[PDB]
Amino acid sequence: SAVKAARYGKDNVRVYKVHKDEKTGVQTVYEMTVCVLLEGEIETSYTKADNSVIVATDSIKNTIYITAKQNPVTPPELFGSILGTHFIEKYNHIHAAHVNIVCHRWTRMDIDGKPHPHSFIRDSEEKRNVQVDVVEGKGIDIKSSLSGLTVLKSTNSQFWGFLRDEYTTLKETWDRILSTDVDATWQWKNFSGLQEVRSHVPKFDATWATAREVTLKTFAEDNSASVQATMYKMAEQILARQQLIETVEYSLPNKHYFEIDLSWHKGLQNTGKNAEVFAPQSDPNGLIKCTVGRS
């Protein structure tokens, strides 16, 4: 037998960093969860019990904190690229670093209509994520994403004209609830290294904001023919607004809300045009995915 692939490192490293403006007294906090996995000439640790090739995962953890101390942690695309580059440059035998970062929301509180200098609220479990793969001699590949954005519209969703055969019981509909948890990923063109990533720094936050805005507006305004059709419209617009993105991927559950027939009870009318009370279904759920790239 032979080692075909191997990677190892530290997962679930929670990091918080505060920035304090001495002039204004304003403080800004960042909190993330980081995973770093390394690859390289490490097969002998598996096959020969040769630990001399292992950068201990505890050391990887230390490196994450030290790197956060000495560098900006925002945008996460930049931080991930600095962190990944560190490992391939520092260690001759390490040839790839894979860095995943999940950014947690700490939103500045408004008290009496003004922004508070040092108090924050977690407004939702929505995350902003990055995956950065730094591969020696092959540059830096970055996938940025948002996840956990949960939305619902109560009308202006339809689903009719699908294939009907002997396995089909679903009725066509011209008015239904549509609700999903959005997972959207945009993949950047390959960057040659850290200098190039630095040169594009302003684009990272702007593109995240654009992706979020396009998702929300399209969802709210589309008279949706299906999840498939609506998500394609979102992806199309993101690609149009940022030329440095190569592909956009959406993965969307269709979280069903079922009508409840109450007619058995005193002829109560609660279906079709009369539907007011529905039963949200925890499972099963549709799952719809697509990856959109350029012609």
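Residue numbers here begin at 1 and follow the sequence given.
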Pick between 105-113 and 186-194: the one whose mean CA B-factor in the entry is higher.
105-113
As stated in the PDB record, which stretch has the larger average Cα B-factor, 162-170 or 74-82?
162-170
Based on the PDB record, which member of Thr215, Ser124, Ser157, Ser144 exhibits the highest Cα temperature factor?
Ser124
Per the entry, which of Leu38, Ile60, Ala49, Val29 tops the list for Cα B factor?
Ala49
Can you tell me whether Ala2 has a C-alpha B-factor in the lowest, middle or highest third compared with the other modelled residues of the same chain?
highest
How does the C-alpha B factor of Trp264 compare with the rest of the chain: lowest, middle or highest third?
highest
Third of the chain, ranked by Cα B-factor, where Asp11 sits
lowest
Is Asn223 in the lowest, middle or highest third of its chain when residues are ranked by C-alpha B-factor?
highest
Report the third (lowest, middle or highest) to which the CA temperature factor of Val248 belongs, ranking only the modelled residues of the same chain.
middle
